[PDB]
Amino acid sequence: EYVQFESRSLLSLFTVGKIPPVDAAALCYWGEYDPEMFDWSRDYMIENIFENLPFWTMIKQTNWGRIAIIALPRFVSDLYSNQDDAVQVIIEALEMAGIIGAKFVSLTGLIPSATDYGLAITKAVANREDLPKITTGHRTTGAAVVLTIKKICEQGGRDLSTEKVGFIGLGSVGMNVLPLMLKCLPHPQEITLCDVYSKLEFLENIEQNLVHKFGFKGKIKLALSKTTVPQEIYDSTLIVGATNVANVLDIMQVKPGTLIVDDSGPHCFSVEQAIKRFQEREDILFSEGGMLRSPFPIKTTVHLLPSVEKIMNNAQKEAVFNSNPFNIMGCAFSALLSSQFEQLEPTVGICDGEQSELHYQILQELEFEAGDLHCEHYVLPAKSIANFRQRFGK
């Protein structure tokens, strides 16, 4: 009903006037390359499967405008391995996005992390006026994570003021979330800051700002990761993830009663292990952190890459047809917010991010909340959440 498959090219349908222009776009990529998961080399897949071209695969029609979802013809490791090439393929996708009407384009996933948070792109297109404006969307993502912290505490039957909160990954998203959480939600009793060893001095400065600028009066701890998080992180009762490295947290070692909000993509813990533990014990709550729930249903048009349409053609793989029609990622929705509300300026670079409050406030005014607790394909059943709340609430 709210999800429709389109076998014909969206680009073709647009150029003949059969579908209207969009107001915004969001750029994504084709996950990660693993030679043991595909029949072909990385170069073969880029040239012959992705055709070295951006691919317009989805339209999300919201109450606040239409967003095109456009996949770059790259894997995430390609973006990190040659920034010049990443910027060039992004500029190619921006030209397509402008033709189909986008005024603002969000850089989803790890594209900001790989492109100096967009600054490498804006420098390369400074001599052009024919392209949409770019945004990392991280202020909206930060607002979505804070909404999810609020939601997961409510669903768990606990107040944030009694939690010991562990932040795993204090990069662009993580440092949007932490100040906004302190500004908008009750302060927890303890905060642990966890990142890699080379960022010790960076974390020490955050600790100073926590005391003197954000007004945090609780206990502050620093925890340095090597290949995985240190064991002290498992003393936390609420874990907030935003890493660029998968599987650094062992979900089987979190204590019963722990709440986990994770914006990392791929997740900083094993999704399959989390689902298994939850189904067997119902003693954690865990969720994506970046997903918003719109008050109005969203109409999604899906055009699969004809390769994927045939191989990933399980009749049950049409879980797309049944994905929640109220959900939209905050990063992608940020491009619509910047076009609806001029004060929500696009973000490029590491930004001061106190304007994250403006994103949180406008989402609250529009009656957005965090998406219902879920992790990738798996929705946590409401009765199982109630069982957790009965046992581990306060």
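When you see a residue number, it is the position in the sequence shown, counting from 1. Between two forms, the rigid core is defined as the largest C-alpha subset superposing within 1.5 Å.
Trainee: Taking the root mean square of C-alpha distances over all structures and residues in 4 other deposited structures of this protein, with a rigid core superposition, name the larger of 6-14 and 370-378.
Mentor: When 6-14 and 370-378 are compared in 4 other deposited structures of this protein, the bigger C-alpha shift is seen for 6-14.
Trainee: Between 225-233 and 184-192, which one shows the bigger average Cα displacement from this form in 4 other deposited structures of this protein once the rigid core is aligned?
Mentor: Between 225-233 and 184-192, the one lying farther away in 4 other deposited structures of this protein is 225-233.
Trainee: When the other entries of this protein are compared, is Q316 unmodelled in at least a third of them?
Mentor: Missing in at least a third of the others, so yes.
Trainee: Would you tell me which stretch averages the higher CA B-factor in the PDB entry, 316-324 or 70-78?
Mentor: Mean B over CA atoms: larger for 316-324.
Trainee: Averaging only over Cα atoms, indicate whether 286-294 or 127-135 has the higher B-factor in the PDB entry.
Mentor: So the stretch with the higher mean C-alpha B-factor is 127-135.
Trainee: Using the temperature factors in the entry, find which of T57, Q355, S334, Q61 has the highest value at its Cα atom.
Mentor: Of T57, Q355, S334, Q61, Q355 has the highest C-alpha B-factor.
Trainee: Based on what the PDB entry reports, which of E207, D85, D195, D263 has the top C-alpha B-factor?
Mentor: Checking the PDB record, the top C-alpha B-factor among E207, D85, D195, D263 is at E207.
Trainee: For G330, return the chain-relative third of its C-alpha B-factor as stated in the PDB record: lowest, middle or highest.
Mentor: Lowest third.
Trainee: Sorting the chain's CA B-factors, does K151 end up in the lowest, middle or highest third?
Mentor: Its C-alpha B-factor, which the entry lists for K151, ranks in the lowest third among residues of this chain.
Trainee: Pull the Cα B-factor of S106 out of the PDB entry and bin it into the chain's lowest, middle or highest third.
Mentor: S106: CA B-factor falls in the lowest third of its chain.
Trainee: Mind checking which third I275 falls in for C-alpha B-factor across the chain?
Mentor: Within its chain, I275 is a middle-third residue by C-alpha B-factor, going by the deposited values.
Trainee: Hey, what third does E92 fall into on Cα B-factor, ranked over its chain?
Mentor: Within its chain, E92 is a lowest-third residue by C-alpha B-factor, going by the deposited values.
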